[PDB]
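Next up is one chain by itself, shown in structure tokens, the form deposited in one PDB entry.
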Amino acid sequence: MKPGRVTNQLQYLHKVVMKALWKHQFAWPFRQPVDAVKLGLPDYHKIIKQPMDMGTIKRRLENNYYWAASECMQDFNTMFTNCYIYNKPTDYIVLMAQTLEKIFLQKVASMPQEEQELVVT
């Protein structure tokens, strides 16, 4: 029962912001959920209660899951902050996340400024 739709801002997050992030050389760890067993990560799911990743976000955008851009922005924030909470700040993975976050913020700065719903045929 979660309402979903397409807005101008959600479409921008999909077709502009996610497009840039998905193809980035630092995207690969973030394109699917963290596999805590494979990666040997002690306590990942104790520390991180709301896992998130770009694969999940991309699928949500593709399936018109979100009601508003703010929900999608929240997912991105959770993916980045999860990385910053769990890992040591000097870790390669943190640097990778920071770079993607920077691009995220710079691309979001050109997003349409008033949220308006798009017709979906």
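From 1 onward, residues are counted along the sequence shown.
The same protein also exists as the form deposited with a small molecule bound; that form is not shown, yet it is the one meant from here on.
- Here the marked residues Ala20, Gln98 and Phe104 all miss the small molecule in the entry with it bound; none has a heavy atom within 4.5 angstroms.
- Residue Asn87 is the only one of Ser70, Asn77, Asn87, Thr56 with a heavy atom lying within 4.5 Å of the small molecule in the entry with it bound.
- Interface residue remark: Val34 is counted as part of the site for the small molecule in the entry with it bound, having a heavy atom within 4.5 Å.
- Mapping the unseen interface onto this chain, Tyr66 falls outside it, with no heavy atom inside 4.5 Å of the small molecule in the entry with it bound.
- Among heavy atoms of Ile47, none comes within 4.5 Å of the small molecule in the entry with it bound.
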